[PDB]
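Participant: My structure is below; once you've seen it, I'll send some questions.
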Amino acid sequence: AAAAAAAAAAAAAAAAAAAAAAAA
Amino acid sequence: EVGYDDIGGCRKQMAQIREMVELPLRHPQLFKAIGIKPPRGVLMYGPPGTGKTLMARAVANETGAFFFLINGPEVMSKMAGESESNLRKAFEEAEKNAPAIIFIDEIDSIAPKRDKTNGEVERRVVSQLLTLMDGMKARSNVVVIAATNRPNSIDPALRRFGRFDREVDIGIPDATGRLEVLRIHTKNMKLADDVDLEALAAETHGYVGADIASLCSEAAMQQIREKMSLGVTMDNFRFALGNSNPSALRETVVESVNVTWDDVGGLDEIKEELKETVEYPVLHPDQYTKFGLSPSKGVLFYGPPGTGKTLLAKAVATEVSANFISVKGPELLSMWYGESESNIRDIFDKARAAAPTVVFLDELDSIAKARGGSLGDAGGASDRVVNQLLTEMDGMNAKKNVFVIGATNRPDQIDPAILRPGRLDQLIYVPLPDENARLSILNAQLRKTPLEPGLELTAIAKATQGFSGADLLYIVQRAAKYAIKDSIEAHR
Amino acid sequence: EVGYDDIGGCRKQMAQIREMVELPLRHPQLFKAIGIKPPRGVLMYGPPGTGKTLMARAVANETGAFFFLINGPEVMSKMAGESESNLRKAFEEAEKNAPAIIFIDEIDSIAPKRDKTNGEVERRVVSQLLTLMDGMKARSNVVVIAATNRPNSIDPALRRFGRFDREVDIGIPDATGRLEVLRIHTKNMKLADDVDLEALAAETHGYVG
Ligand SMILES: Nc1ncnc2c1ncn2[C@@H]1O[C@H](COP(=O)(O)OP(=O)(O)O)[C@@H](O)[C@H]1O
Ligand SMILES: Nc1ncnc2c1ncn2[C@@H]1O[C@H](COP(=O)(O)OP(=O)(O)O)[C@@H](O)[C@H]1O
Ligand SMILES: Nc1ncnc2c1ncn2[C@@H]1O[C@H](COP(=O)(O)OP(=O)(O)O)[C@@H](O)[C@H]1O
Ligand code: BEF
Ligand code: BEF
């Protein structure tokens, strides 16, 4: 009888990328 | 020096905090032939801004000891030795120079949970204090009096065996504790002989400690703008209640409704019943300890829409001395994965540390979400906001004002887990106002308005039988719109 | 110079920011013998286009002091912790030339929330500004002004007792407030005998400034 009308994506935290500060 | 009068009248957390640091350091004889030694390192939680650094200065003056102060986040630098060798100097220099008391604060960002970082410079630094605190085996000589708020950010690796297994909580200075912090701030400034300190501490009730020095200093600026041997008059503190603004309530800046217990409510029996159960545990705690009954935390509103279930929520916002944090229904529910379970936790945690406080959770149909027959309505088990609120509810509620105001139109969609008698004990329903109560609805709107002389009034309430309380707002607006329409036609 | 005549409208707010900067500088003995001086910081939040950068130009030219300007994220560099020192160098130059006026801009990235942020440079500039603010206790000082939006993106450790405790909102003028704005911006221009400034702000109702 009842059919689900949605999957409702609620997740996913993506990538990141760092910032390498040079040392000397 | 700050002495002992820097925190006065708060001996419910000031005399018992001397049992942890001063009394072990006074003599080592009480720990002999008693077995284990509990107070190795204590952990202090509570509202931030009460004197967490003043009490670190108070222990150094009353007890003669070598005090080495650490400001906290100043050590953060990318130099191997500037953030590694200096923390070793804080443990070894105090050992030879006995006693070895040490203080650190603002450890919110320092040592986070292990999911945030892994093998970085910041994770390498905070692992050295795990073995340096365990390395000091001096008998009743070293103690950690570390003062840090926001307890959900501290990783639980520091409370394993004996490092921070002594939990102490700084209470709110409510029972004659807020009077002495105003006493020490007026002995150095100028004041006129027209104010009363008991009346100043009894009007406002929402204090965070750091705002206590802010409300008195705001009255000093009020005397400057009128006057352009000075003193602070009576009306300078009277200007301070319109902008209280504590440090914890810095996100609720919504407009407050003007209510004087006469512009709301057609019923007085059900209105007085919710007033009586919300004013007892906030004023004095001696009545609940004598009767022995547990105080009810939170009330549910249900019935027809437009009856006055959120209009009364604005009435509990200003007249009740407890603080008011409002939410706009399902707005406290984020998009991301863990951000949705955190936003319903950050609001309840930031309020309970300074809590003469009621909260207004609106639209419980969007919170309970009819969990019976879920079938994955939120996707990948994202409907876990119903039981996360059950963890915040009935958690550390021994003399803690947490009154959830639930205004709801359909009572059948709420799951009965919150309806259990261990969580909510008062169930009130606002019924249809009769002919004796509809006259109070129209008198609330015809109070502060210019009006005509008296026409028939009881015949209006006798003909509108069958409609709710918001429907009489429609008949009072059409009568008020027709008073402005003919006024422009009377002009020219 | 812009002065105070260039800031039109918001007269309920202009008295708040003038008594915290000029009155400690004009009469420093007035704050004596009445306790500690209250105003140490202010956060100018709200909508972006309300006239919030010219308020820093107004306090940099009306009173006679030194104006050192700090932009948004500009202190970031590739060194062994220069961002915690170059921000510290901006406050030690203000301590040398006291009294002066400093201005920090775009507090949306320099001081974010600690739990939401990620990184090692962005989480240490939020820690460095916490220590040098309350530790600095000099009288007749450069006490900080900031002009940014999103007040909910500000950490609550920045608003506790003495860092930012007199925060104000630049309100949106809805009635008789945009009339003062148009009297200033068209004062430099030579208008003809055809416009009516009583009717310009009356027919429009939504603007930002
Ligand atoms: N009665 C009081 N109790 C606590 N702090 C008080 C009181 N009266 C004034 N204060 C002030 O409130 C502030 C409390 O900050 P504190 O908790 O020591 O710092 P932090 O929480 O950042 O470590 C101090 O500036 C202190 O002087
Ligand atoms: N006597 C009254 N008391 C409170 N609100 C009233 C009254 N008469 C009319 N109203 C108005 O009717 C509306 C209904 O208020 P309320 O029942 O609290 O909210 P809701 O309709 O969202 O459940 C509000 O706008 C309120 O101001
Ligand atoms: N008092 C004021 N009312 C309205 N607009 C103003 C006011 N002062 C300056 N402006 C306008 O603001 C702009 C310059 O500052 P602005 O761009 O708003 O700075 P920011 O975006 O950094 O807040 C110009 O367009 C100027 O005309
Ligand atoms: F606004 Be009510 F809670 F329907
Ligand atoms: F230039 Be403003 F501070 F956005």
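Residue positions begin at 1 at the first shown residue.
We read in the header that electron microscopy, 3.6 Å was used to get this structure.
From the backbone N, Cα and C atoms, a Cβ is placed for every residue, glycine too.
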Participant: Of B:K12, B:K297, B:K399, which does Swiss-Prot mark as ubiquitin cross-link?
Facilitator: B:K297
Participant: Which of B:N97, B:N149, B:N152 shares the ATP 1 site with B:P48, B:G49, B:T50, B:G51, B:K52, B:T53, B:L54, B:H185 per Swiss-Prot?
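Facilitator: Answer, per Swiss-Prot (ATP 1 site with B:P48, B:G49, B:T50, B:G51, B:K52, B:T53, B:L54, B:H185), from B:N97, B:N149, B:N152: B:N149.
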Participant: Below 8 Å Cβ to Cβ and six or more residues apart, same chain only. Which residues does that give for B:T307 (ATP 2 binding site)?
Facilitator: B:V430, B:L432, B:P433, B:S468, B:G469, B:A470
Participant: Near the ATP 2 site, what residues other than B:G306, B:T307, B:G308, B:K309, B:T310, B:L311 in the same chain have a C-beta no further than 8 Å from the centroid of the listed C-beta atoms?
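Facilitator: These residues sit around the ATP 2 site: B:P305, B:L312, B:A407, B:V430, B:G469, B:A470.
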Participant: Where does B:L54 (ATP 1 binding site) sit in DSSP terms: helix, strand, or coil?
Facilitator: helix
Participant: For the C-alpha pair, I'd like the distance in angstrom between B:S294 (phosphoserine) and B:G308 (ATP 2 binding site), rounded off.
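Facilitator: The separation of the Cα atoms works out to 29 Å.
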Participant: Does any of B:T50, B:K52, B:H185, B:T307, B:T310 have a Cβ within less than 6 Å of an atom of ligand 4? These are the binding-site residues; tell me which, or none.
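Facilitator: From B:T50, B:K52, B:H185, B:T307, B:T310, counting a Cβ under 6 Å from ligand 4 as near, the near ones are B:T310.
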Participant: What's the most sparsely packed of the binding-site residues B:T50, B:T310, counting other C-beta atoms within 10 A?
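Facilitator: Taking B:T50, B:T310 as the binding-site residues, the minimal 10 Å Cβ count falls on B:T310.
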Participant: If you count Cβ atoms within 10 Å of the Cβ of B:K309 (ATP 2 binding site), leaving out that atom itself, what do you get?
Facilitator: 21
